[PDB]
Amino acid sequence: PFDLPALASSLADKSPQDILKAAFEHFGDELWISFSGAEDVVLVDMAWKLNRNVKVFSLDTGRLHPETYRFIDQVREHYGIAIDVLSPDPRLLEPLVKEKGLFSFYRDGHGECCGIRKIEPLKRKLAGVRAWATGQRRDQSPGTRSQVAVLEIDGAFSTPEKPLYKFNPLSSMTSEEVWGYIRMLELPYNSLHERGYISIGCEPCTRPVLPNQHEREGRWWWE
(Lines of atoms letter the chains of each structure in order from A and count residues from 1; the text may use other names and numbers.)
(Lines give C-alpha, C1' and ligand atoms only; values in the text may rest on other atoms or scores of the structure.)
Protein backbone atom coordinates (compact mmCIF):
# COMPACT_ATOMS: atom_id res chain seq x y z
CA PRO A 1 0.00 0.00 0.00
CA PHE A 2 0.96 3.66 -0.48
CA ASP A 3 2.99 5.64 2.05
CA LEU A 4 4.97 8.86 2.45
CA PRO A 5 8.69 9.58 3.06
CA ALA A 6 7.57 10.80 6.48
CA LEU A 7 7.97 7.12 7.40
CA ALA A 8 11.71 7.69 7.03
CA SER A 9 11.28 10.40 9.68
CA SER A 10 9.25 8.07 11.88
CA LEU A 11 11.84 5.27 11.81
CA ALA A 12 14.76 7.64 12.38
CA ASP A 13 15.54 6.47 15.91
CA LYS A 14 13.60 3.22 15.92
CA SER A 15 15.74 0.13 16.51
CA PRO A 16 17.11 -1.71 13.46
CA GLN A 17 14.84 -4.70 14.04
CA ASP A 18 11.84 -2.38 14.07
CA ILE A 19 13.09 -0.61 10.94
CA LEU A 20 13.27 -4.05 9.35
CA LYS A 21 9.74 -4.96 10.44
CA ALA A 22 8.59 -1.74 8.78
CA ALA A 23 10.25 -2.70 5.50
CA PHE A 24 9.00 -6.28 5.72
CA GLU A 25 5.50 -4.90 6.24
CA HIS A 26 5.37 -2.55 3.26
CA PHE A 27 7.45 -4.73 0.90
CA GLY A 28 7.01 -8.23 2.34
CA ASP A 29 9.12 -11.03 0.88
CA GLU A 30 10.03 -8.61 -1.92
CA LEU A 31 12.65 -6.86 0.23
CA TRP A 32 16.19 -7.87 -0.75
CA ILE A 33 19.04 -7.88 1.76
CA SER A 34 22.46 -6.80 0.55
CA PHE A 35 25.08 -9.04 2.22
CA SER A 36 28.82 -8.25 1.81
CA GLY A 37 30.25 -11.07 3.91
CA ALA A 38 31.34 -8.65 6.66
CA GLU A 39 29.96 -7.41 10.00
CA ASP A 40 26.76 -6.73 8.09
CA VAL A 41 26.05 -10.36 9.00
CA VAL A 42 24.07 -8.72 11.79
CA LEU A 43 21.58 -7.36 9.26
CA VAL A 44 21.20 -10.86 7.86
CA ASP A 45 20.69 -12.24 11.39
CA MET A 46 17.98 -9.72 12.32
CA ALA A 47 16.25 -9.90 8.94
CA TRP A 48 16.26 -13.70 9.00
CA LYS A 49 14.94 -13.74 12.56
CA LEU A 50 11.98 -11.62 11.49
CA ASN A 51 11.57 -13.49 8.20
CA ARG A 52 12.86 -17.05 7.70
CA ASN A 53 12.29 -16.56 3.96
CA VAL A 54 14.20 -13.28 3.69
CA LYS A 55 15.78 -12.69 0.29
CA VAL A 56 19.49 -11.84 0.23
CA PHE A 57 22.20 -11.42 -2.43
CA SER A 58 25.98 -10.99 -2.25
CA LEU A 59 28.04 -9.20 -4.90
CA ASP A 60 30.87 -11.59 -5.75
CA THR A 61 33.37 -9.38 -7.61
CA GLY A 62 35.54 -12.38 -8.43
CA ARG A 63 38.24 -10.85 -6.22
CA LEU A 64 36.89 -11.52 -2.72
CA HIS A 65 39.11 -12.91 0.05
CA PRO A 66 39.01 -16.69 0.20
CA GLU A 67 37.93 -16.01 3.79
CA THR A 68 34.95 -14.05 2.52
CA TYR A 69 33.88 -16.91 0.24
CA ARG A 70 33.97 -19.38 3.08
CA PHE A 71 31.94 -17.00 5.27
CA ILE A 72 29.18 -16.22 2.75
CA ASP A 73 28.71 -19.96 2.25
CA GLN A 74 28.71 -20.27 6.06
CA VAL A 75 25.91 -17.77 6.58
CA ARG A 76 24.17 -19.82 3.89
CA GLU A 77 24.45 -23.24 5.50
CA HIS A 78 23.83 -21.66 8.89
CA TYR A 79 20.55 -19.84 8.39
CA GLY A 80 19.27 -22.01 5.57
CA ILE A 81 19.37 -19.16 3.06
CA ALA A 82 20.01 -19.71 -0.64
CA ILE A 83 22.00 -16.52 -1.11
CA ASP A 84 22.12 -14.87 -4.53
CA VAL A 85 25.79 -14.71 -5.47
CA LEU A 86 26.12 -12.19 -8.31
CA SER A 87 29.12 -12.26 -10.66
CA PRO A 88 30.47 -9.70 -13.19
CA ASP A 89 29.66 -9.64 -16.91
CA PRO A 90 32.70 -10.92 -18.85
CA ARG A 91 31.96 -8.71 -21.86
CA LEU A 92 32.53 -5.78 -19.48
CA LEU A 93 35.25 -7.17 -17.24
CA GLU A 94 37.40 -8.92 -19.83
CA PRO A 95 38.16 -5.82 -21.89
CA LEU A 96 39.15 -3.91 -18.73
CA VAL A 97 41.58 -6.53 -17.47
CA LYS A 98 42.89 -6.99 -21.01
CA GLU A 99 44.29 -3.48 -21.35
CA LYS A 100 44.80 -2.53 -17.71
CA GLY A 101 45.82 -5.63 -15.76
CA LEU A 102 44.31 -7.17 -12.64
CA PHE A 103 45.25 -4.25 -10.39
CA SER A 104 44.41 -1.10 -12.37
CA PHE A 105 42.62 0.42 -9.35
CA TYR A 106 46.05 1.05 -7.76
CA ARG A 107 46.85 3.66 -10.39
CA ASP A 108 43.40 4.67 -11.68
CA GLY A 109 41.52 4.71 -8.39
CA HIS A 110 38.98 2.02 -7.48
CA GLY A 111 36.13 3.69 -9.34
CA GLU A 112 36.42 1.88 -12.67
CA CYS A 113 36.98 -1.71 -11.49
CA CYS A 114 34.28 -1.40 -8.80
CA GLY A 115 31.87 -0.12 -11.42
CA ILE A 116 32.30 -3.28 -13.48
CA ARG A 117 32.67 -6.02 -10.83
CA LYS A 118 30.47 -4.42 -8.18
CA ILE A 119 28.29 -1.50 -9.32
CA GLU A 120 27.06 -2.78 -12.70
CA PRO A 121 25.91 -6.22 -11.51
CA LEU A 122 24.23 -4.50 -8.55
CA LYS A 123 22.26 -2.24 -10.91
CA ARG A 124 21.16 -5.28 -12.87
CA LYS A 125 19.79 -6.86 -9.69
CA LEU A 126 18.00 -3.87 -8.17
CA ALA A 127 16.11 -3.44 -11.45
CA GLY A 128 13.51 -6.10 -10.74
CA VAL A 129 13.34 -4.82 -7.16
CA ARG A 130 11.01 -2.49 -5.25
CA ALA A 131 13.21 -1.83 -2.21
CA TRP A 132 16.29 -3.28 -0.51
CA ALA A 133 18.37 -2.90 2.67
CA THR A 134 22.09 -2.58 3.41
CA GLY A 135 23.94 -2.64 6.71
CA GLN A 136 25.71 0.64 6.04
CA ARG A 137 26.44 2.43 9.31
CA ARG A 138 26.90 6.09 10.17
CA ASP A 139 30.02 5.51 12.28
CA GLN A 140 31.76 3.32 9.72
CA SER A 141 32.24 6.55 7.76
CA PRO A 142 35.43 8.67 8.10
CA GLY A 143 33.70 11.22 10.29
CA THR A 144 32.42 13.70 7.72
CA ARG A 145 29.38 13.22 10.01
CA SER A 146 26.23 11.10 9.79
CA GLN A 147 25.01 11.12 6.20
CA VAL A 148 22.93 7.94 6.16
CA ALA A 149 19.20 7.85 6.85
CA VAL A 150 17.28 4.72 7.83
CA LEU A 151 14.95 5.10 4.84
CA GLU A 152 15.39 7.00 1.60
CA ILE A 153 14.84 6.91 -2.15
CA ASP A 154 17.75 5.12 -3.77
CA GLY A 155 19.47 8.19 -5.20
CA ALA A 156 21.61 6.01 -7.47
CA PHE A 157 19.37 3.38 -9.10
CA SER A 158 16.03 5.13 -8.65
CA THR A 159 14.13 6.95 -11.39
CA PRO A 160 10.99 9.15 -11.17
CA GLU A 161 9.53 6.46 -13.42
CA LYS A 162 10.58 3.37 -11.47
CA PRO A 163 11.46 4.42 -7.88
CA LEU A 164 13.67 2.28 -5.64
CA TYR A 165 13.43 2.51 -1.86
CA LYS A 166 16.41 1.69 0.34
CA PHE A 167 16.59 0.87 4.04
CA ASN A 168 19.71 1.23 6.20
CA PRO A 169 18.67 -0.57 9.46
CA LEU A 170 22.13 -0.44 11.05
CA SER A 171 22.51 3.27 10.34
CA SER A 172 22.33 4.44 13.94
CA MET A 173 24.24 1.38 15.17
CA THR A 174 27.83 1.62 16.38
CA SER A 175 30.71 -0.69 15.51
CA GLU A 176 31.00 -1.68 19.16
CA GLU A 177 27.27 -2.39 19.25
CA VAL A 178 27.51 -4.40 16.05
CA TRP A 179 30.21 -6.56 17.58
CA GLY A 180 28.50 -6.88 20.92
CA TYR A 181 25.52 -8.22 19.01
CA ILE A 182 27.48 -10.67 16.89
CA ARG A 183 29.54 -11.79 19.91
CA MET A 184 26.56 -12.04 22.27
CA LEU A 185 24.28 -14.22 20.15
CA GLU A 186 27.40 -16.00 18.88
CA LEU A 187 26.85 -15.30 15.20
CA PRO A 188 29.34 -16.65 12.67
CA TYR A 189 31.69 -13.96 11.34
CA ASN A 190 34.44 -13.50 8.76
CA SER A 191 37.77 -15.01 9.83
CA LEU A 192 39.43 -11.80 8.71
CA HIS A 193 38.06 -10.12 11.85
CA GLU A 194 40.50 -12.16 13.94
CA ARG A 195 43.43 -10.85 11.86
CA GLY A 196 43.06 -7.09 12.19
CA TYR A 197 40.26 -6.48 9.68
CA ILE A 198 37.39 -4.28 10.82
CA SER A 199 36.13 -3.14 7.42
CA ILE A 200 36.18 -5.90 4.78
CA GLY A 201 36.26 -5.36 1.02
CA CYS A 202 37.87 -7.21 -1.89
CA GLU A 203 41.24 -8.83 -1.17
CA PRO A 204 43.41 -6.47 -3.25
CA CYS A 205 41.75 -3.25 -2.01
CA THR A 206 41.42 -4.10 1.68
CA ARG A 207 44.03 -4.26 4.44
CA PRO A 208 43.97 -4.50 8.23
CA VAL A 209 44.22 -1.36 10.36
CA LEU A 210 46.34 -0.57 13.43
CA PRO A 211 45.07 -0.30 17.02
CA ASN A 212 42.71 2.68 17.25
CA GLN A 213 43.03 3.36 13.53
CA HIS A 214 39.70 4.18 11.87
CA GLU A 215 38.18 1.26 9.98
CA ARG A 216 37.78 3.18 6.72
CA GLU A 217 41.55 3.56 6.33
CA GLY A 218 41.67 -0.15 5.61
CA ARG A 219 39.93 0.52 2.29
CA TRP A 220 41.50 2.13 -0.78
CA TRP A 221 44.28 3.53 1.37
CA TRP A 222 46.43 4.51 -1.62
CA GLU A 223 43.68 6.95 -2.63
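The first residue of the shown sequence is 1; numbering continues from there.
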* Structure fact -> Of 162-170 and 40-48, the stretch with the higher mean C-alpha B-factor in the deposited entry is 162-170
* Structure fact -> The stretch whose C-alpha atoms carry the larger average B-factor in the entry, 183-191 or 23-31, is 23-31
* **Residue, from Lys100, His78, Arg117, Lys125, that the PDB entry assigns the highest Cα B-factor** => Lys125
* Selection from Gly155, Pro66, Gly62, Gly196 [criterion: highest C-alpha temperature factor in the record] -> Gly155
* **Lowest, middle or highest third - CA B-factor, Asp139** => highest
* Structure fact -> So, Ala131's CA B-factor, relative to its chain, sits in which third? The highest
* Thinking about Cα B factors across the chain, which third does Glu223 belong to? -> middle
* Asked: By its CA B factor, does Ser9 count among the lowest, middle or highest third of the modelled residues in the chain?
  -> highest
* Asked: Thinking about Cα B factors across the chain, which third does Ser87 belong to?
  -> middle
